[PDB]
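Asks: how does the following fold in three dimensions:
(chains A, B, C, D and E)
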Amino acid sequence: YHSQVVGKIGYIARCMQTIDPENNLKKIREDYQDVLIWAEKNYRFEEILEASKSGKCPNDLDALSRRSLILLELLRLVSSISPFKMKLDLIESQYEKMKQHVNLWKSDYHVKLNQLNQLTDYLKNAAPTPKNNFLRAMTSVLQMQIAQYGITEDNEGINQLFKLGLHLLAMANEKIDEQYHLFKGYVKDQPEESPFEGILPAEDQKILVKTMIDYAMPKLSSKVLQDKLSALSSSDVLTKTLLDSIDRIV
Amino acid sequence: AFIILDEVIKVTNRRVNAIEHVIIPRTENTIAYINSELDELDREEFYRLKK
Amino acid sequence: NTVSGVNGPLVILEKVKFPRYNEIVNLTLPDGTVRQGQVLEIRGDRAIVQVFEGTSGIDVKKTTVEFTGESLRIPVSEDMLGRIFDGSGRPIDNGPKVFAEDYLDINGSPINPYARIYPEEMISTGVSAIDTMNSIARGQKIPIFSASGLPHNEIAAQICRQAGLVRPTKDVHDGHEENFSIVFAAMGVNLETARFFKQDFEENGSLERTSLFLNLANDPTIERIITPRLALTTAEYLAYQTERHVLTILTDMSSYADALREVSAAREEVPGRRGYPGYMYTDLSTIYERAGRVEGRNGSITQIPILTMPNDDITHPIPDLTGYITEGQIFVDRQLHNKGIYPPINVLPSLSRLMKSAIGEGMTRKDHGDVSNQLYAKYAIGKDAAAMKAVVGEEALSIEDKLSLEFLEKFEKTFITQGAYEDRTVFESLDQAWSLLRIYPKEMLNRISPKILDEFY
Amino acid sequence: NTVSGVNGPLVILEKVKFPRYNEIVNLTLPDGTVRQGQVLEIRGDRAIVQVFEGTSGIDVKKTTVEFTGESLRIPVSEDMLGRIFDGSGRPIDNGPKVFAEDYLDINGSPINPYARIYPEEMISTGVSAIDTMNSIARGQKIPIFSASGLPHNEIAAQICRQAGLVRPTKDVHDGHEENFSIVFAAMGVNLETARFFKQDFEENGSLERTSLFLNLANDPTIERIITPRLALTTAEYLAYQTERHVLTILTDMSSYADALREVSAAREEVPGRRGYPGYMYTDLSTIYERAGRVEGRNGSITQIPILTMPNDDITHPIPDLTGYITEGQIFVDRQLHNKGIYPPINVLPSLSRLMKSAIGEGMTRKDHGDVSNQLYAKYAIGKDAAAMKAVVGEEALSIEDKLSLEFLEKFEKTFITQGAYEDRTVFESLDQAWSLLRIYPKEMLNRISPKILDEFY
Amino acid sequence: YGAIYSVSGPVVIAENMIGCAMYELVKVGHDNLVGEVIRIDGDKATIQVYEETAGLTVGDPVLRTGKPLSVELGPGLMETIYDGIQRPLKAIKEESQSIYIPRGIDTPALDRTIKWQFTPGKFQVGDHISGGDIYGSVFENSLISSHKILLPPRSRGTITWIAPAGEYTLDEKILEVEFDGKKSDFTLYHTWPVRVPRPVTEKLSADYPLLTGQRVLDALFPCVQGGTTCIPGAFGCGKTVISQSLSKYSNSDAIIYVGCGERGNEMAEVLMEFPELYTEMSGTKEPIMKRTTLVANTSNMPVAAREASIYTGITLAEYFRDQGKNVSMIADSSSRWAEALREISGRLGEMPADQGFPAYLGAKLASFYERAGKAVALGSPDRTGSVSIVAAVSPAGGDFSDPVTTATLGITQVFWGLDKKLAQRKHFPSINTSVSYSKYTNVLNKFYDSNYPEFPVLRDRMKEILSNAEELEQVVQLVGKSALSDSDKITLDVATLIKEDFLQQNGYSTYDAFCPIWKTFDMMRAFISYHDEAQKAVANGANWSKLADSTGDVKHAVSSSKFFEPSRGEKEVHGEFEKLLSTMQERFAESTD
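Replies: Residues are numbered from 1 along each chain as shown, chains lettered A, B, ... in the order given. The coordinates are given below.
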């Protein structure tokens, strides 16, 4: 009872110290002053348990764990968007809007954060392939759009990138045709002119264009089409004009 | 013959429903209650003898 | 002293006979958890005590015992509303404080607040068949009978939700003269079943008008059996202290009978029929004895227990003893719930021996008992005509079986049809039963008087 | 030391720590008669053992104690087949010691011979209807349901004598070419049934490949209950040591259940309902534990238990606990034996679990399940048309009901009917099912392929 | 410590014992046999011997383990087959070359040679810790949620020593606790008894959904994780195919299979069928065996391991639910646990109830049913988890009127009535809509219907279509075929396609028996839109035979929904179901005229 409240106060103090390292989020640290006050003072565990049992420390470990799940969801959402950084005002307004919700687990926000954490966790153990490169670029664009737009505003690009990442994760390594068709449809359906310019490196876009040119190159039987399609593999950028020019040559 | 078959079809349709409706529940409930009472009534003498 | 051994939920400890019977004792274990128990037997050089919390993991020479020196009593107060806790004598979940200012005994006769006169009032629960065909009043006991196939928990939560809102319409309609109080006690129930009842009670009403009593399924039966004494002591102290009507929901009776009937073989006593103990009639009679009017003529204790059949047969001693001990009888039918009737409460086997005292005569009409008896006889005649329509149908059926089948179909599909939160009244139920009973002929309505039948003919 | 007392079949001996668990002891009496027994229960400063020779006649102030130093075990070797022994584990052939170099316990195998894969290769039992309709694979438990009105001992002796003959045709067909063994254990049988089973098994030539276990009704219940453990331990040791399929027949289970029920009142444990003990599931599960494919994928231990009912009633706990552990059962009909069929077994009440995977390759055809489904449907349609033909009449029956009624009598008197020494295989039963199903037209069978149906029409 | 007082049958009595609890495990005799004290009367304690009691005499010493009999909770639980008492048979199968554990040998719950990579968590030195908090993690899986190392339950204090990143064994200590000076040494694995409930923050109703791969289950009721439902078995004739099809077709991160009283063929068929069959999510490196836990106990095993197998599986499912993942627990069956409890009660010598069932089966069944469920994860992280308790119901007294089957149906809030005639035709699962019922359909229909759910209107019309189709088949069989209108033929035609598509599913397929909830909701809405368009077109004046030819490709396209794969660019979204509404509206517009 009191040990879970003291451990939630210490974990809330460690998560509060890991959230704001310079005291930039005064609204998030202002509500946690009652639990952060006991963490900044040298005291034993028996004084924290006896203070929590006698009403002198923070109680309601179920209700404190309910807000602690929202703070852990905000810290996991802010940590899952690495290495991109979000705005302090958008992080404070998203933390206030997420903290002002009646339920933080009965919605698509926790399932979308769990799916983004599973997609980012699946990219840690991988190898060089087109599905890992397309899923890494879609996870990077979904992380940039998730860091730019937050988790409190619905967006079609984040749902399309999450559905393309879950559909790419649901397929095996013998689905280069469906990953190439889904990558061509997702690339052609993107409203931006370049979805990999500014987030992903030039070697990943050149490796993806070289992978698509190398994939579509074995189906051709002409020397002029193989030379013209092979001459476009030296580009370091990715755009819809390269996909339309590569599709027009084949 | 058609009037006799049409006359017998109502009695067969009534007896087929009544015989299936009234048959199973009295013997099933009486057999289940008799076996349920006979089980504890048989086990009580062995429990009292073992005690 | 020290515990000699442990067998099941009872712990056999060796100690002197200086402590009295029913003395509270605490067992000190090396795991850092203290358990409370009651001394059930005292003898020379040995004693028998039953632990309320915990069933295994008690060492012989690694544990110790301590004598508190106080009798078994639960502190009852007037601040039990708006507090969440469990019934073990103290808050197990570390919720609200169970401390109070008055001490009441749990032996069954603390002050003897039982009424010595026949009560006369009209209890409204929102059900037309339960209010009209049951004849409930203040201080009347009515048990809810369910099975394993039908939703007895949703029917009890819907009946409690309709009874919680039907009481203010009767209090504004001059059917009572005091405040209403709820007593919720769960024993052997899951958290998902209690969360639906707490969500239905919070949605239909508030969280301060009822009491929080939760029992976990991973605890012993002795800890769950102690919840009815604290709930009856809190309902009797709250109903006697403030002069308010207390409505207690006892769910489930199968767990309370499964605790005392559960520990009946590991002791030296001989059990009864069906493996139950021979003192279950005094155990259920001790909880059923604390019902009726309160002292002052302004109090009352209503008991609405929820019983679940564990075999689906009438040969169980818990439904016959619980229905015979209680003043009412409410039976639920799975066939009515399967057809789409909500709530599927059958009025055919429902019969109470206190319909005259349960029927009101100062806040309602006097024809409610005769209209309820004629509607019950016409409902039983419509059920026998429905069985005749099941057997023959259109080969031996007369005009009386067709009129009784049409009145049983219209009364079964009109009176037993309702929602989950709407409430009704006895005045509207009397005109609704008179409208369905108006289709019967004058030759078949000879059981009623001609003066009352001629006014509504 | 000396004998403390004697009450019934239990003997009270003076022993503190001398006898071990299951250790054999020898009682030295001064009357010139020595008796040996097994320690059924060991306690502090006392011993309760049941002697296998006699049930009385021991002194209480003149007996002596002797330690044998050898626990109760069955010697498993390659010379156990082709000889008759007793139920306690001693030979009765009047010859030298047939003890082998392997000693295994009778309370379970210590090598973990339990199977971990589904059985694919099928085993032949010498019955066309038992092989086609309810055929079991290697390592499957299929019991034979009998009663007190049919020859269940002659049915088990016919299955034991008919077994071991299809292995040469199956080995010639490129199927099961390994060595096959048979475990024969008799409990509660008479001397005429054992001499008729040994004389009947010696004529066909299956007595040399099988083992003979003789347990009479006048012997102790501990020897009859310990008699199947020697056959299951010898079948498991021979199946695991040599990698050969061994099929054991245990008859009868009613004598073992009566011997276990008789010993339930001698021990301190109280019996269950219906007079039998409440621990019969562990006793039947201990004998049923030695069953399944052996380690290696080259051997398996098959068990065919026989259960006899007093009146074919399923209210006893032996049929529910015995049928619940086994994957199906074959019931013997009493009307088929009175009609003249041998063996009178019905395919409608019987059931087989995993019948679509209990057929191997190279010894059985793939159309056995499709022909058995159409044969079972034609047998059920003939069984319904036989009872409906008497009520309907000879001039009001269906066209397919007459051919199904003739196919029920022809299939019952052609497929079910068979001699006591008539061996059959899967090809003979498949050809007989195709010959019996040839009377029906091509438009009445849809449970088979058109190539196999048109090829073997 | 103690001495063997007497040995009679499977239960052995030991005298000279003190300081022994009601669940402490000890080794009696010199062979070190596994056992547990069931009861204690006076100075002598009564212990039940799980192993063979042959070769044990009075006078041998009894050494207790010094703690309660429990199992180890750490890395390496998945991809291993063990018994109900935490005895790994896979480790003994390599060295000893046997199936089960032999007499005189006892293996631990966790191996001493398998090592896992220990990763540091979000904690540090000086910060307070408690039970259930995120103390670390171990990378063992890549297709599901990893098994993160948590703190020990019922223990707290300050983290004085934190282990660094690296590979270490489970026997070596890597964690230290600072409380009252030197508190104790901690390791990767944790000890907890199986007869005690696991700690948690708070339990609530089931409102968290999860993938299951059941078209009839998601079509009949709302799919969620954390509910309690009971279904009838077949004694190995279709129950293991439904359990293996439910565990294999389910897309959960963890799986818990517990075999209490099985015959042994279904455990070997499920264990051998688990690694040979791939998952629906395209898992690799043992996706089906590594993602699930194997607990198989045969009928010839001890009753203590068969009764404690549900406690060990409920403890592992409680640890997997406390880790922050949704796991589905498949148990079969409660009749073997009640029969093992009745055999242990008759072997111990107590007085049982009628039918051989004691009074502890109701409290143990209520604690077992209340122990599993969906709730918030305990600890400082406050994660979300769910535990779906699916236990089979079989007979134990020769009929359905026994106290085990009737008592188990009362505690459960969900009921699924399987059909033996549908299971005999090689069709599974086939749940009857009349006998079926669920109490969590309101909260699941409102929570799933909060964003954009259509499961309640399609489920009510789907169950009412089969319920009206049964009365239409009974009236067509009783009265005749030429007595019904076009509405009964359209309702029977929709009930034949809905029952043939949902009820006619196969358990041996991979992509024809598994689909998402959006494909089942769109498939039910496509049939409900065709039934409503057929009723509206028939209400405006039209022939049934003319409307049947007027449908055309809509009936074959709606009937052919059980043979197409759900992958068309996304796992849930399908454009072919979206085009069937416009094509069904265009055919319904010309069908009316």
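
Asks: from here on, just use CA atoms for contacts and neighbour counts.
Replies: Noted.

Asks: next, residue 49: phi, psi?
Replies: As the question left the chain open, I've gone with chain A. When quoted as degrees, to the nearest 10, the phi and psi of residue A:49 stand at phi -70, psi -40.

Asks: nope, chain C
Replies: The phi/psi pair for residue C:49 (degrees, to the nearest 10) is phi -130, psi 140.

Asks: chain A contacts on the stretch 351-500 of chain E?
Replies: E:379-384, E:447 (CA under 8 Å from any CA of the partner chain).

Asks: around chain C, which positions in chain B sit nearby?
Replies: B:10, B:14, B:17-18, B:21, B:29, B:33, B:37, B:40-41, B:48, B:51.

Asks: okay if I get the residues you listed as a markdown table plus distance to residue E:158, secondary structure and neighbour count?
Replies: Shown next, in a markdown table, are the residues of chain B next to chain C (distance: CA to CA, whole Å; DSSP: H, G, I helix; E, B strand; the rest coil; neighbours: other CA atoms under 10 Å in any protein chain shown):
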| residue | distance to residue E:158 | secondary structure | neighbour count |
| --- | --- | --- | --- |
| B:10 | 86 | helix | 14 |
| B:14 | 81 | helix | 18 |
| B:17 | 76 | helix | 15 |
| B:18 | 77 | helix | 15 |
| B:21 | 72 | helix | 13 |
| B:29 | 64 | helix | 14 |
| B:33 | 62 | helix | 16 |
| B:37 | 61 | helix | 17 |
| B:40 | 57 | helix | 23 |
| B:41 | 61 | helix | 18 |
| B:48 | 58 | helix | 13 |
| B:51 | 55 | coil | 12 |
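
Asks: contact residues of the stretch 201-350 of chain E facing chain A?
Replies: Residues of the stretch 201-350 of chain E lying near chain A (CA under 8 Å from any CA): E:201-202, E:207-208, E:280-283.

Asks: what subset of these is buried?
Replies: Among these, those scoring as buried are E:201-202, E:207-208, E:280-281, E:283 (criterion: 16 or more other CA atoms under 10 Å in any protein chain shown).

Asks: where's the closest residue to residue E:41 other than its chain neighbours, which helix or strand?
Replies: Closest residue to residue E:41 apart from its sequence neighbours, by CA to CA, 6 or more residues apart in numbering or on different chains: residue C:5 at 5.3 Å. Taking DSSP states H and E as the definition, residue C:5 sits inside strand C:2-7.

Asks: ok and the residue in chain B nearest chain C?
Replies: Proximity to chain C, evaluated over chain B using CA to the nearest CA, is greatest for residue B:18 at 5.0 Å.

Asks: and that residue, what does it touch?
Replies: C:390-392 (CA atoms under 8 Å, 6 or more residues apart in numbering or on different chains).

Asks: go again using 7 Å as the cut-off
Replies: Shown in contact with residue B:18 (CA atoms under 7 Å, 6 or more residues apart in numbering or on different chains): residue C:391.

Asks: any idea how far chain E is from it?
Replies: 15 Å (CA to the nearest CA, to the nearest Å).

Asks: before we move on, what about residue C:87?
Replies: Distance from residue C:87 to chain E, by CA to the nearest CA: 17 Å.

Asks: for the chain, what spans make up the helices?
Replies: Picked chain A for this. Assigned by DSSP state H, chain A shows helices spanning A:2-19, A:26-31, A:33-39, A:45-53, A:61-79, A:88-99, A:108-122, A:130-149, A:156-169, A:176-188, A:202-216, A:223-230, A:240-249.

Asks: try chain C instead
Replies: According to DSSP H, the helices that chain C contains are C:128-132, C:152-172, C:191-204, C:221-225, C:227-242, C:253-260, C:280-288, C:317-325, C:334-339, C:355-358, C:368-391, C:399-412, C:426-437, C:450-455.

Asks: how close does residue C:280 get to residue D:455?
Replies: Using CA to CA, to the nearest Å, residue C:280 is found at 74 Å from residue D:455.

Asks: sorry, back to before: closest to residue E:96 among the residues of chain B next to chain C?
Replies: Taking CA to CA as the measure, residue E:96 lies nearest residue B:51 of these, at 45.7 Å.

Asks: as a markdown table, the residues of chain B next to chain C with distance to residue C:218 would be great.
Replies: Output for the residues of chain B next to chain C, formatted as a markdown table (distance: CA to CA, whole Å):
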| residue | distance to residue C:218 |
| --- | --- |
| B:10 | 59 |
| B:14 | 54 |
| B:17 | 49 |
| B:18 | 49 |
| B:21 | 44 |
| B:29 | 34 |
| B:33 | 32 |
| B:37 | 31 |
| B:40 | 28 |
| B:41 | 32 |
| B:48 | 31 |
| B:51 | 30 |
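
Asks: and the closest residue to chain B within chain A, how many residues sit next to it?
Replies: Here chain A gets closest to chain B at one residue, residue A:1, 45.1 Å apart by CA to the nearest CA. The number of residues packed near residue A:1 is 16, by other CA atoms under 10 Å in any protein chain shown.

Asks: with the one 3 residues further on instead?
Replies: Here the number of neighbours of residue A:4 (other CA under 10 Å) works out to 28.

Asks: measure the spatially closest residue to it that is not a sequence neighbour to residue A:5 for me?
Replies: Computed as CA to CA, 6+ apart, the closest residue to residue A:4 that is not its neighbour in sequence is residue E:130, at 5.8 Å. As judged by CA to CA, residue E:130 and residue A:5 stand 9 Å apart.

Asks: likewise for residue E:366?
Replies: Residue E:366 is 29 Å from residue A:5, by CA to CA.

Asks: what's near enough to touch the most centrally placed residue in chain C?
Replies: Geometric centre of chain C, nearest residue: residue C:305, 1.2 Å, by CA atoms, centre = their mean. By CA under 7 Å, 6+ apart, the contact list for residue C:305 reads C:143-144, C:249-251.

Asks: contacts for the helix or strand where residue E:244 lies?
Replies: Per DSSP H and E, residue E:244 falls inside helix E:239-249. For helix E:239-249, contacts defined as CA under 7 Å, 6+ apart pick out E:212-213, E:233, E:255, E:266, E:270, E:279-280, E:288, E:330, E:428-429, E:507, E:514.

Asks: in helices only, show me those.
Replies: E:266, E:270.

Asks: make CSV out of the contacts of helix E:239-249 and add distance to residue A:126.
Replies: Listed next are those as CSV, based on distance: CA to CA, whole Å:
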residue, distance to residue A:126
E:212, 27
E:213, 27
E:233, 42
E:255, 24
E:266, 36
E:270, 30
E:279, 19
E:280, 20
E:288, 20
E:330, 32
E:428, 37
E:429, 37
E:507, 33
E:514, 27
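
Asks: and the contacts of helix E:239-249 as JSON lines, adding distance to chain B?
Replies: Formatted as JSON lines, the entries for the contacts of helix E:239-249 read as follows, by distance: CA to the nearest CA, whole Å:
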{"residue": "E:212", "distance to chain B": "39"}
{"residue": "E:213", "distance to chain B": "40"}
{"residue": "E:233", "distance to chain B": "23"}
{"residue": "E:255", "distance to chain B": "40"}
{"residue": "E:266", "distance to chain B": "33"}
{"residue": "E:270", "distance to chain B": "37"}
{"residue": "E:279", "distance to chain B": "47"}
{"residue": "E:280", "distance to chain B": "47"}
{"residue": "E:288", "distance to chain B": "45"}
{"residue": "E:330", "distance to chain B": "32"}
{"residue": "E:428", "distance to chain B": "30"}
{"residue": "E:429", "distance to chain B": "30"}
{"residue": "E:507", "distance to chain B": "36"}
{"residue": "E:514", "distance to chain B": "41"}
